[PDB]
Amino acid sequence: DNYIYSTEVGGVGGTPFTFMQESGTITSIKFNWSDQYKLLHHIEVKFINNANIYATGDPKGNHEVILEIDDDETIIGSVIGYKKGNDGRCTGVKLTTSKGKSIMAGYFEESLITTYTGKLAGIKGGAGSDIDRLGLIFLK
């Protein structure tokens, strides 16, 4: 494609999602998580030139974080926390941008991926009550 697909980490459960838009990049991303379950539960994404909110999961966590991304702003550091195996889950995400902005959502107590970097174009994975699995998508 014109795209780099980072590994989807977590389990095989939930309903698949792919959030990507032709000629579009992510302008906003929101992560919801709980202290009760130490999991991500819900993600929302907006793309440039598109008022629609693309949402997956169940927003039942007691915390959320939003990162807004300027048009020229890239991801220079990216860590996803997860529980591995078929019954796995995403537990946490840390993003750092080319403008020194960062967010930290959830927990990093089991497994980690340090992903590919670049301009964040989309996300892919599976979600039900929780985020079962998450992979980032970048421009080439």
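The first residue of the sequence shown is number 1, and the count goes up from there.
A summary of the deposited B-factors shows that, of 91-99 and 46-54, the stretch with the larger mean C-alpha value is 46-54. 112-120 and 17-25 differ in mean CA B-factor, and the higher of the two is recorded for 17-25.
Placement of the Cα temperature factor of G85 within the chain: middle third of the modelled residues, per the deposited record.
The PDB entry assigns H41 a C-alpha temperature factor belonging to the middle third of its chain's modelled residues. Among all modelled residues in its chain, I131 ranks in the middle third by Cα B-factor. The entry lists a Cα temperature factor for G77 that places it in the lowest third of the chain's modelled residues.
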